[PDB]
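Right, one structure below, let's go through it.
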Ligand SMILES: COc1ccccc1OCCN(C)C(=O)c1cc(=O)[nH]c2ccccc12
Ligand SMILES: COc1ccccc1OCCN(C)C(=O)c1cc(=O)[nH]c2ccccc12
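Residue numbers (the authors' numbering), protein chains in the order written: chain A, 1 to 304; chain A', 1 to 304. A prime marks a further copy of an entry chain.
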């Protein structure tokens, strides 16, 4: 028992991290097979970032301007191209540590692990949710761009995120591995509105199920509700409206605990309306939304 | 910016995990050089665990009874010995993935990363504190024994914990890598009192400094206190008494923010006496004690 904000083991991703330098700018790259992927803003200077013309900036660069180093060794760059907001540097050597991998575009509300890196060296790993407004609340400092987000299904790494920037509000934005930003964000130093965010209802319910499984049961009540009634409360408290698709995804946890999904919704309704009254659930004094129903089952079953 | 409960990258430790089976029991082992370390209770049956005589149980075992498998491949066991609560299985092959490593006995209040494993396969990584009462609040299921806790200083892995058991209260106990339990615990299925736990004061103060660095400042006040006055409040709220050694360890964070340690103690005193009033600090609605002052500086500087 016990329930922690657990990240995937980062080893398979650590073996793919490299440092990419272009001019005076250094960030991280992801080396998979004979390609290194990195944010295109590695080609910018401080002058450029207020409104960069990436096409023009990239035209001044040749393969030999992209310095790619895999720890101690230098990679030879034999091609470069820009795809959306990422650069793809073709190298003459396939990464011998390339795991089985896929590039996926995750949905808002899904979770993933981030391997924070600086100068191509991994520094730490943590678990994130992609917020409903397509930002992530990460931990990133100067030099962290190019750090990636991923999930692991046995031996296959699904890369879903590459870090690009910190908004003036202190939240983070980035792209899928094809360089498409999540959300409305652009890679320029401008004020950028992140939409109104909401709490990921299906994840809060999954975490209440994790709490019951792990013995924290004080919040269970004698009530039930309907999707309609619960959604009036979700609207008032800025929670995502719950749908039958969310109820269906919670099916396995409902079966495991014997607590019908709408009865758990009634517990969540009372917690939203009354608060925790100074109590905690799984070591938290707030309603946690960074665990999906798949995360809760994986953690509560023992998936390797 | 941003502040997350970050674990060390687990790659160096993933390369050391193996599965150890003795009879019908399977758990994890740690393969470093030509030795595999694992909990000695791998030699027990359900019958045995209420009061095992480990010396007698081990006498019935030969090298060939210890099945050690490193993923796909089988290791040949050429020696076995028990050291405190760990078994050391000498194998005929040194682990080619052995990182630079040390065995350390951590102090209560220090933090470390745990790589949770099942059947020798890593499943997830999370950051822990060793509680002042020598338990950890982990996430461990059947088959997780032998999972290890560690810290990483550049290329050196300091192993500090091997998981052995879950107390009836749902908290976790284990040993250093010489097999000495942290705390008063024994490896038998008996009710075992974990002492009165306390909140790690120096870590809460370090995390308040992390909050100020990352922009969460609402809790700063116009007050100051003394070590004596603050310790009366710490006593009332079951916090560890703060010492000058703790003040000295907070020196770098005090210098970085310009907030004197005793002024931060006055903010913590007001939070203890008044609560958070429904506000949050770094995404938490409670006072977090799982970040040491070294963790806060590492996370806020960019250490790889
Ligand atoms: C305004 O910046 C950008 C805007 C759009 C596109 C790229 C921009 O640059 C990114 C800035 N870089 C390079 C960082 O490594 C960075 C990333 C981060 O998440 N946090 C930071 C905090 C402090 C200093 C730097 C960072
Ligand atoms: C009462 O158990 C012990 C007592 C003293 C020494 C060893 C004992 O066994 C450990 C039990 N094992 C083997 C586990 O893998 C385990 C570890 C864990 O932290 N949580 C669990 C939750 C559910 C089922 C099992 C576990």
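No residue lacks a Cβ here, since even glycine has one placed at the ideal position from N, Cα and C.
- At least one heavy atom of ligand 2 falls within 7 Å of the beta-carbon of residue 142 of chain A'.
- Below the 9 Å Cβ cutoff, chain A' contributes 280, 283, 284, 285 and 286 as neighbours of residue 286 of chain A, in chain order.
- Annotation: the continuous beta strand (DSSP E) that includes residue 28 of chain A' extends over 25–32.
- Interface annotation for the segment 236–263 of chain A against chain A': empty, criterion Cβ-Cβ distance under 7 Å.
- At least one C-beta of chain A' is nearer than 8 Å to the C-beta of residue 304 of chain A.
- Segment contact: the segment 241–259 of chain A against the segment 205–223 of chain A, three or more CB-CB distances shorter than 8 Å; contact assigned.
- DSSP places residue 78 of chain A' inside the beta strand (DSSP E), whose first and last residues are 77–83.
- Contact check for residue 211 of chain A' against residue 281 of chain A' passes: the beta carbons are separated by less than 8 Å.
- Between the segment 264–282 of chain A' and the segment 215–230 of chain A', the count of C-beta pairs closer than 8 Å reaches three or more; the two stretches touch.
- For residue 213 of chain A, the enclosing alpha helix (DSSP H) starts and ends at 201–213.
- Using a Cβ distance threshold of 8 Å, residue 5 of chain A and residue 192 of chain A do not count as a contacting pair.
- Taking C-beta atoms under 8 Å as the contact rule, residue 132 of chain A' and residue 288 of chain A' fail to qualify, at a distance of about 15 Å.
- Per DSSP, the beta bridge partners of residue 74 of chain A are A/69.
- Between the segment 142–161 of chain A and the segment 27–35 of chain A, the count of C-beta pairs closer than 8 Å reaches three or more; the two stretches touch.
- Contact check between the segment 103–118 of chain A and the segment 140–156 of chain A: three or more CB pairs, one atom from each, fall below 8 Å, which counts as touching.
- Between the beta-carbon of residue 42 of chain A' and that of residue 162 of chain A' there is about 12 Å, and that puts the pair past the 8 Å contact cut.
- Against chain A, a Cβ distance below 7 Å from residue 119 of chain A' picks out 304.
- A heavy atom of ligand 2 is found nearer than 7 Å to the CB of residue 189 of chain A'.
- Inter-residue distance for residue 252 of chain A' and residue 304 of chain A is about 40 Å (C-alpha atoms, whole angstroms).
- Residue A'/278 holds the alpha-carbon nearest to the alpha-carbon of residue 274 of chain A among A'/278, A'/14 and A'/23.
- For residue 163 of chain A, no Cβ of chain A' is located within less than 8 Å of the residue's own Cβ.
- Around the C-beta of residue 271 of chain A, 16 or more other C-beta atoms lie within 10 Å, and the residue is accordingly described as buried.
- In this chain, residue 179 of chain A' is not harboured by any alpha helix (DSSP H), its DSSP state being neither H nor E.
- Under a 10 Å Cβ-count criterion, residue 78 of chain A' is classified as exposed, with fewer than 16 other Cβ atoms of the shown protein chains found around its own Cβ.
- Here the C-alpha atom of residue 130 of chain A lies approximately 13 Å from the C-alpha atom of residue 194 of chain A.
- Chain-order list of chain A' residues neighbouring residue 14 of chain A: 9 and 11, by C-beta distance under 7 Å.
- Each residue's CA atom was taken as its position, placing residue 76 of chain A and residue 25 of chain A some 18 Å apart.
- Per DSSP, the unbroken beta strand (DSSP E) holding residue 124 of chain A' starts and ends at 121–129.
- Residue 172 of chain A' is bridged by DSSP to A'/136 and A'/166.
- With respect to the C-alpha of residue 68 of chain A', the residue from A'/92, A'/138 and A'/106 having the closest C-alpha is A'/92.
- Nothing from the segment 63–76 of chain A' brings a Cβ to less than 8 Å from some Cβ of chain A.
- Counting only the Cα atoms, residue 276 of chain A lies some 51 Å from residue 56 of chain A'.
- Within the segment 119–150 of chain A, the residues whose Cβ lies closer than 7 Å to some Cβ of chain A' are 119, 121, 122, 123, 124, 125, 126, 137, 138, 139, 140, 141 and 143, listed in chain order.
- For the options A'/45, A'/28 and A'/135, the alpha carbon positioned closest to that of residue 37 of chain A' is the one of A'/28.
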